[PDB]
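Asker: Have a look at the structure that comes next, please.
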Amino acid sequence: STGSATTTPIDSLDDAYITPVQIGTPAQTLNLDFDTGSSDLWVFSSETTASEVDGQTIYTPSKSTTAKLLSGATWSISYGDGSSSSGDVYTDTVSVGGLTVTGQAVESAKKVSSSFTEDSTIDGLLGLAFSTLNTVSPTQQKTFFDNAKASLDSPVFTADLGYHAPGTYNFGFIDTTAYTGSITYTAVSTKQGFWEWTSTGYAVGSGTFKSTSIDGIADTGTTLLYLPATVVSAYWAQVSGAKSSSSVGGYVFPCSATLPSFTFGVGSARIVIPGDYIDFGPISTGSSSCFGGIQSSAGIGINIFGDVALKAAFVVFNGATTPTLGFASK
Ligand SMILES: NCc1ccc(C(F)(F)F)cc1
Ligand SMILES: NCc1ccc(C(F)(F)F)cc1
């Protein structure tokens, strides 16, 4: 079987993407953030503290004839940006774009951090990293992808994120009309639970390509591109007036500047990120300083190929027994 769902940016900056997901019987439709950097499916629910809910659609297990409380199970998660949430665990039927999994662990948030409360358009997260990162205790739970793997025509899903436009998550098949040229596959390390791979280098604008290994993770749940300080400094040096601001927490640049493109290597192939993708707009309403989409990973400890990079490509997450990542131009 297969599944296919449209994913839509939540705002005009492509800060995140939401995808409708059907949970329960009868279906309750929630808009979830598909996150290949985490492995928990958690939702705002009727059990969430009422003051921590501001416009979200909530999952109500008591109205689902297929929901079962997973006795004694709890979950607690903290994301790399400081966000967190926690609660209890149900099992229920979950469907994405026609692809149905029964007995999926649905983690019901009793408490959420402020950053989720303020994001009225995101009803929860759907983790798509490896199940070793799932936070359910005492019994670890499998991701939606892991549960679906057996019935999928092919153990893959693909991410086709749009620039200021809707995109597609496909499960179980590779749409050969969605990209140009060939798909270049590269090896994945699962030792930390992430879709971790090694990029073969980079180029700034029309400059020479610098062959150098950059280890990082493919993370649809992170907005920006986080790279080593040496790379990020070489990019922003080509933007007149750009500077790293400690008060802002990263590189900013004059909104009137034109940004050079950024190329990253996948094996022998090259993925070009247009300079317009790196502009994340004024740091405050009316400001003439704009926030950059390429930032240093030094404070983070891991390099992150977030949405800025991934939306420049058609990306195959190959969940075969030896997993690989595929990249194609589009
Ligand atoms: N998108 C989920 C996520 C969030 C943070 C991290 C970090 F910061 F730990 F690398 C990885 C993955
Ligand atoms: N990387 C996971 C993640 C995704 C979204 C959010 C936000 F924006 F909703 F706070 C935080 C953390």
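Residue numbering restarts at 1 in every chain; chains get A, B, ... in the order shown in the structure tokens, and ligands count up from 1 in that same order.
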Write as a ChimeraX atom specification the residues around ligand 1, taking 6 Å as the cut-off and counting only C-alpha atoms and all ligand atoms.
Answerer: /A:35,37-38,79-80,219,221-222,300,302
Asker: Would you mind listing what lies within 10 Å of residue 2 (chain A) as a PyMOL selection string, with only C-alpha atoms counted and same-chain residues fewer than 2 positions away left out?
Answerer: chain A and resi 4+96-100+148+151-157+170-173
Asker: The selected residues should be written to file as a short mmCIF file (atom, residue, chain, number, x, y, z; two decimals), in the first residue's frame (atoms: C-alpha atoms).
Answerer:
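Now in out.cif:
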data_model
loop_
_atom_site.label_atom_id
_atom_site.label_comp_id
_atom_site.auth_asym_id
_atom_site.auth_seq_id
_atom_site.Cartn_x
_atom_site.Cartn_y
_atom_site.Cartn_z
CA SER A 4 0.37 10.63 -0.09
CA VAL A 96 -1.85 9.66 6.55
CA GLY A 97 -3.05 10.35 3.01
CA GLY A 98 -4.85 7.01 2.72
CA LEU A 99 -2.19 4.92 4.53
CA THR A 100 -3.61 3.40 7.71
CA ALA A 148 3.72 1.01 8.32
CA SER A 151 2.56 -3.06 4.36
CA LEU A 152 4.29 -0.40 2.23
CA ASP A 153 5.03 -1.28 -1.38
CA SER A 154 8.58 -0.05 -0.74
CA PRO A 155 10.04 0.83 2.68
CA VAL A 156 10.55 4.51 1.77
CA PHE A 157 9.05 7.91 2.27
CA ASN A 170 4.74 10.27 -0.05
CA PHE A 171 4.87 6.90 1.72
CA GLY A 172 5.72 3.64 -0.02
CA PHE A 173 6.69 4.82 -3.51
#
Asker: I need the residue nearest ligand 2 from this list: A:204, A:16, A:129, A:294. Use only C-alpha atoms and all ligand atoms for the distance.
Answerer: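 Nearest to ligand 2: A:16.
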Asker: Show which residues sit within 10 Å of residue 21 (chain A), as a list in words. Count only C-alpha atoms, and ignore same-chain residues fewer than 5 positions away.
Answerer: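 What passes the distance filter is residues 5, 27, 28, 29, 30, 31, 32, 33, 94, 95, 96, 97, 98, 123 and 126 of chain A.
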Asker: Compile a residue-level contact table for chain A against ligand 2 at a cut-off of 12 Å, reporting for every qualifying residue the shortest atom pair and its distance in Å to one decimal, with only C-alpha atoms and all ligand atoms counted, rows ordered by chain and ascending number, as JSON lines.
Answerer:
{"residue": "A:10", "atom": "CA", "partner": "ligand 2", "partner_atom_place_in_ligand_line": "8 (F)", "distance": 10.2}
{"residue": "A:11", "atom": "CA", "partner": "ligand 2", "partner_atom_place_in_ligand_line": "8 (F)", "distance": 11.6}
{"residue": "A:14", "atom": "CA", "partner": "ligand 2", "partner_atom_place_in_ligand_line": "8 (F)", "distance": 11.1}
{"residue": "A:15", "atom": "CA", "partner": "ligand 2", "partner_atom_place_in_ligand_line": "8 (F)", "distance": 7.6}
{"residue": "A:16", "atom": "CA", "partner": "ligand 2", "partner_atom_place_in_ligand_line": "8 (F)", "distance": 6.9}
{"residue": "A:17", "atom": "CA", "partner": "ligand 2", "partner_atom_place_in_ligand_line": "5 (C)", "distance": 9.3}
{"residue": "A:18", "atom": "CA", "partner": "ligand 2", "partner_atom_place_in_ligand_line": "5 (C)", "distance": 10.2}
{"residue": "A:32", "atom": "CA", "partner": "ligand 2", "partner_atom_place_in_ligand_line": "5 (C)", "distance": 9.9}
{"residue": "A:33", "atom": "CA", "partner": "ligand 2", "partner_atom_place_in_ligand_line": "4 (C)", "distance": 6.9}
{"residue": "A:34", "atom": "CA", "partner": "ligand 2", "partner_atom_place_in_ligand_line": "4 (C)", "distance": 8.6}
{"residue": "A:35", "atom": "CA", "partner": "ligand 2", "partner_atom_place_in_ligand_line": "2 (C)", "distance": 6.5}
{"residue": "A:36", "atom": "CA", "partner": "ligand 2", "partner_atom_place_in_ligand_line": "1 (N)", "distance": 8.8}
{"residue": "A:37", "atom": "CA", "partner": "ligand 2", "partner_atom_place_in_ligand_line": "1 (N)", "distance": 6.6}
{"residue": "A:38", "atom": "CA", "partner": "ligand 2", "partner_atom_place_in_ligand_line": "2 (C)", "distance": 7.1}
{"residue": "A:39", "atom": "CA", "partner": "ligand 2", "partner_atom_place_in_ligand_line": "2 (C)", "distance": 10.3}
{"residue": "A:40", "atom": "CA", "partner": "ligand 2", "partner_atom_place_in_ligand_line": "2 (C)", "distance": 10.5}
{"residue": "A:41", "atom": "CA", "partner": "ligand 2", "partner_atom_place_in_ligand_line": "2 (C)", "distance": 11.7}
{"residue": "A:42", "atom": "CA", "partner": "ligand 2", "partner_atom_place_in_ligand_line": "4 (C)", "distance": 11.6}
{"residue": "A:43", "atom": "CA", "partner": "ligand 2", "partner_atom_place_in_ligand_line": "9 (F)", "distance": 11.7}
{"residue": "A:44", "atom": "CA", "partner": "ligand 2", "partner_atom_place_in_ligand_line": "9 (F)", "distance": 11.9}
{"residue": "A:56", "atom": "CA", "partner": "ligand 2", "partner_atom_place_in_ligand_line": "9 (F)", "distance": 11.8}
{"residue": "A:77", "atom": "CA", "partner": "ligand 2", "partner_atom_place_in_ligand_line": "2 (C)", "distance": 10.2}
{"residue": "A:78", "atom": "CA", "partner": "ligand 2", "partner_atom_place_in_ligand_line": "12 (C)", "distance": 8.5}
{"residue": "A:79", "atom": "CA", "partner": "ligand 2", "partner_atom_place_in_ligand_line": "12 (C)", "distance": 5.6}
{"residue": "A:80", "atom": "CA", "partner": "ligand 2", "partner_atom_place_in_ligand_line": "1 (N)", "distance": 6.7}
{"residue": "A:81", "atom": "CA", "partner": "ligand 2", "partner_atom_place_in_ligand_line": "12 (C)", "distance": 6.2}
{"residue": "A:82", "atom": "CA", "partner": "ligand 2", "partner_atom_place_in_ligand_line": "12 (C)", "distance": 7.9}
{"residue": "A:83", "atom": "CA", "partner": "ligand 2", "partner_atom_place_in_ligand_line": "11 (C)", "distance": 5.8}
{"residue": "A:84", "atom": "CA", "partner": "ligand 2", "partner_atom_place_in_ligand_line": "12 (C)", "distance": 8.2}
{"residue": "A:85", "atom": "CA", "partner": "ligand 2", "partner_atom_place_in_ligand_line": "11 (C)", "distance": 10.4}
{"residue": "A:112", "atom": "CA", "partner": "ligand 2", "partner_atom_place_in_ligand_line": "10 (F)", "distance": 10.1}
{"residue": "A:113", "atom": "CA", "partner": "ligand 2", "partner_atom_place_in_ligand_line": "10 (F)", "distance": 8.4}
{"residue": "A:114", "atom": "CA", "partner": "ligand 2", "partner_atom_place_in_ligand_line": "10 (F)", "distance": 8.3}
{"residue": "A:115", "atom": "CA", "partner": "ligand 2", "partner_atom_place_in_ligand_line": "10 (F)", "distance": 4.7}
{"residue": "A:116", "atom": "CA", "partner": "ligand 2", "partner_atom_place_in_ligand_line": "9 (F)", "distance": 4.8}
{"residue": "A:117", "atom": "CA", "partner": "ligand 2", "partner_atom_place_in_ligand_line": "9 (F)", "distance": 8.3}
{"residue": "A:118", "atom": "CA", "partner": "ligand 2", "partner_atom_place_in_ligand_line": "9 (F)", "distance": 8.3}
{"residue": "A:119", "atom": "CA", "partner": "ligand 2", "partner_atom_place_in_ligand_line": "9 (F)", "distance": 6.1}
{"residue": "A:120", "atom": "CA", "partner": "ligand 2", "partner_atom_place_in_ligand_line": "9 (F)", "distance": 9.2}
{"residue": "A:121", "atom": "CA", "partner": "ligand 2", "partner_atom_place_in_ligand_line": "9 (F)", "distance": 9.1}
{"residue": "A:122", "atom": "CA", "partner": "ligand 2", "partner_atom_place_in_ligand_line": "9 (F)", "distance": 6.7}
{"residue": "A:123", "atom": "CA", "partner": "ligand 2", "partner_atom_place_in_ligand_line": "9 (F)", "distance": 9.2}
{"residue": "A:124", "atom": "CA", "partner": "ligand 2", "partner_atom_place_in_ligand_line": "9 (F)", "distance": 8.2}
{"residue": "A:125", "atom": "CA", "partner": "ligand 2", "partner_atom_place_in_ligand_line": "4 (C)", "distance": 7.3}
{"residue": "A:126", "atom": "CA", "partner": "ligand 2", "partner_atom_place_in_ligand_line": "4 (C)", "distance": 9.9}
{"residue": "A:127", "atom": "CA", "partner": "ligand 2", "partner_atom_place_in_ligand_line": "2 (C)", "distance": 9.0}
{"residue": "A:128", "atom": "CA", "partner": "ligand 2", "partner_atom_place_in_ligand_line": "2 (C)", "distance": 11.2}
{"residue": "A:129", "atom": "CA", "partner": "ligand 2", "partner_atom_place_in_ligand_line": "2 (C)", "distance": 11.5}
{"residue": "A:217", "atom": "CA", "partner": "ligand 2", "partner_atom_place_in_ligand_line": "1 (N)", "distance": 11.8}
{"residue": "A:218", "atom": "CA", "partner": "ligand 2", "partner_atom_place_in_ligand_line": "1 (N)", "distance": 11.3}
{"residue": "A:219", "atom": "CA", "partner": "ligand 2", "partner_atom_place_in_ligand_line": "1 (N)", "distance": 7.7}
{"residue": "A:220", "atom": "CA", "partner": "ligand 2", "partner_atom_place_in_ligand_line": "1 (N)", "distance": 8.0}
{"residue": "A:221", "atom": "CA", "partner": "ligand 2", "partner_atom_place_in_ligand_line": "1 (N)", "distance": 4.4}
{"residue": "A:222", "atom": "CA", "partner": "ligand 2", "partner_atom_place_in_ligand_line": "1 (N)", "distance": 4.7}
{"residue": "A:223", "atom": "CA", "partner": "ligand 2", "partner_atom_place_in_ligand_line": "1 (N)", "distance": 7.9}
{"residue": "A:224", "atom": "CA", "partner": "ligand 2", "partner_atom_place_in_ligand_line": "1 (N)", "distance": 10.2}
{"residue": "A:304", "atom": "CA", "partner": "ligand 2", "partner_atom_place_in_ligand_line": "1 (N)", "distance": 10.3}
{"residue": "A:305", "atom": "CA", "partner": "ligand 2", "partner_atom_place_in_ligand_line": "1 (N)", "distance": 11.7}
{"residue": "A:306", "atom": "CA", "partner": "ligand 2", "partner_atom_place_in_ligand_line": "1 (N)", "distance": 9.1}
{"residue": "A:307", "atom": "CA", "partner": "ligand 2", "partner_atom_place_in_ligand_line": "1 (N)", "distance": 10.6}
Asker: I need the residues of region 176-305 of chain A that end up classed as helix (DSSP H, G or I) by DSSP on the backbone, written out as an NGL selection string.
Answerer: :A and (229-236 or 275-278)
Asker: I'd like the contact shell of residue 86 (chain A) - 8 Å cut-off, only C-alpha atoms, skipping same-chain residues fewer than 6 positions apart - returned as a ChimeraX atom specification.
Answerer: /A:74-77,108-112
Asker: Write out as number ranges by chain all residues of region 42-287 of chain A that backbone DSSP assigns to strand (DSSP E).
Answerer: A: 42-44, 68-78, 84-96, 99-112, 124-127, 156-160, 167-171, 180-187, 196-204, 210-218, 225-227, 243-245, 250-254, 262-266, 269-273, 279-282
Asker: Which polymer residues have any atom within 7 Å of an atom of residue 200 (chain A), counting only C-alpha atoms, with same-chain residues fewer than 4 positions away left out, as JSON, numbers by chain?
Answerer: {"A": [211, 212, 213, 214, 265, 266, 267]}
Asker: Pick out the residues sitting within 9 Å of residue 182 (chain A), and hand them over as an MDAnalysis selection string; count only C-alpha atoms, and ignore anything fewer than 3 positions along from it in its own chain.
Answerer: chainID A and resid 179 327:329
Asker: Please produce a file of the residues just selected, as a PDB file, in the first residue's frame, where the atoms kept are C-alpha atoms.
Answerer:
ATOM      1  CA  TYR A 179      12.366  15.413  -9.744  1.00  0.00           C
ATOM      2  CA  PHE A 327      18.810  13.520  -3.110  1.00  0.00           C
ATOM      3  CA  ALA A 328      17.671  14.811  -6.487  1.00  0.00           C
ATOM      4  CA  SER A 329      17.345  18.247  -8.004  1.00  0.00           C
TER       5      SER A 329
END
Asker: With only C-alpha atoms as the atoms that count, which of A:264, A:226, A:59, A:130 lies nearest to residue 196 (chain A)?
Answerer: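 Of the candidates, the smallest distance to residue 196 (chain A) is held by A:130.
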Asker: Can you tell me which residues surround residue 291 (chain A) at a distance of at most 8 Å, considering only C-alpha atoms, apart from same-chain residues fewer than 6 positions away, and format the answer as a CSV table (one decimal) with C-alpha atoms, in the first residue's frame?
Answerer:
chain,number,residue,atom,x,y,z
A,250,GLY,CA,23.0,34.7,14.7
A,251,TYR,CA,24.0,36.3,11.5
A,252,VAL,CA,21.9,39.2,10.2
A,253,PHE,CA,22.2,41.1,7.0
A,279,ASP,CA,16.3,35.3,3.5
A,280,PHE,CA,14.2,35.0,6.6
A,281,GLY,CA,13.0,38.6,6.6
A,282,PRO,CA,13.3,41.4,9.1
A,283,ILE,CA,14.3,40.6,12.7
Asker: Give me, please, the distance in Å between CA of residue 284 (chain A) and CA of residue 238 (chain A), quoted to one decimal.
Answerer: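 Computing it gives 23.6 Å between the two atoms.
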Asker: Tell me, in Å to one decimal, how far CA of residue 106 (chain A) is from CA of residue 194 (chain A).
Answerer: 20.8 Å
Asker: Of the candidates A:68, A:311, A:63, A:270, which shows the shortest atom-to-atom distance to residue 209 (chain A), using only C-alpha atoms?
Answerer: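 Ranked by minimum distance to residue 209 (chain A), first place goes to A:270.
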Asker: Between A:292, A:301, A:286, A:3, which has the minimum distance to residue 145 (chain A) (counting only C-alpha atoms)?
Answerer: A:3
Asker: Looking at only C-alpha atoms, which of A:188, A:139, A:87, A:269 is the one that sits closest to residue 201 (chain A)?
Answerer: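 The shortest atom-to-atom distance to residue 201 (chain A) comes from A:269.
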Asker: Could you state the separation of CA of residue 275 (chain A) and CA of residue 175 (chain A) in Å, given to one decimal place?
Answerer: 26.9 Å
